[PDB]
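Just the one chain here, the form deposited in one PDB entry, laid out as structure tokens.
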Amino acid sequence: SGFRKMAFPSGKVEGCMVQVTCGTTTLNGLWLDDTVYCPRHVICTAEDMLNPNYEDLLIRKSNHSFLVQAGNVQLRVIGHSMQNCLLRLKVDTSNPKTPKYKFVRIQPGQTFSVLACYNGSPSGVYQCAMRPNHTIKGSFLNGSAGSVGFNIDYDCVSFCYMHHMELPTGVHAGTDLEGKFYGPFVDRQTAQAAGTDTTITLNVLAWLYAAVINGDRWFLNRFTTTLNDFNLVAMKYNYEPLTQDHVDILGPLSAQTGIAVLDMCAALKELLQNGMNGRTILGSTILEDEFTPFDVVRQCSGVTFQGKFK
């Protein structure tokens, strides 16, 4: 029992974090096999960020302009290139601690764990989701660029995110591990902004099921609605349109709670336009949307009674 935002154990990722210095700029790098991946703006001074010319800026660099520290072993960069918005640094030493890994591009609404690093030293870990506007709501200070996001499946770490920068609203932007940003963002000093941040309706619903299993059922006192009637209300509070596929995904949770989906949307309808009236749902006053259906079932598994109900 219990329901908590849970991150993946970070050990396999820690063994890959290194510090990367160029000139007077430092940030973090990802050391896999003989390659160190890091955000390309490590080759920049603060004044360069306004209109950097990365190719020209990098042409000026030699292998020995790049300084890579792994714990204390100094690696030797023996090659370098730019791939989209990342540098790939070839090092002499192949990381003995490399895990099985994939480079994947995560989709909005899915979750991942973040290993926040400073000076190449892991400092903390937490769970977040790729937002529909292609930002994430992280916790990053200066020097955190190069920290990575990841999901672990069996013994394989699948890396989805590398951190680059902060938007004025305090949310964060970065790239996949090929160097391609999520969203419209670019690694130069310019006015950029997160779009209309919508709310991952599928996750809110998944979360509402988690509340029922953990004893919260007060909000369930409405009669079934329809998808069109639910979608209509969900328009102005910026909730993504509910779809049949989303309903199918929640089928296991409806079956375990005995609470049909369109019955749970009846409750969500009420919650959105009239609020919570000062109560709480799983200790929260806000509708949580960074738990996927997968996430909620992993923590809320159950038992199937095999009489035949209605």
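Whichever C-alpha set is largest while still superposing within 1.5 Å between the two forms counts as the rigid core. Numbers for residues come from their place in the sequence shown, where the first is 1.
Keep in mind that the form deposited in another entry is missing from the display, and what follows is about it.
Core-based superposition between this form and the one not shown leaves all of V68, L268, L27, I43 but one with CA shifts under 2 Å; the exception is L268. Positional change of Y118 between this form and the one not shown stays under 2 Å at the C-alpha, relative to the superposed core. After superposing the rigid core, the Cα of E55 is displaced by less than 2 Å between this form and the one not shown. In the core-superposed comparison between this form and the one not shown, the C-alpha atom of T225 has shifted by at least 2 angstroms.
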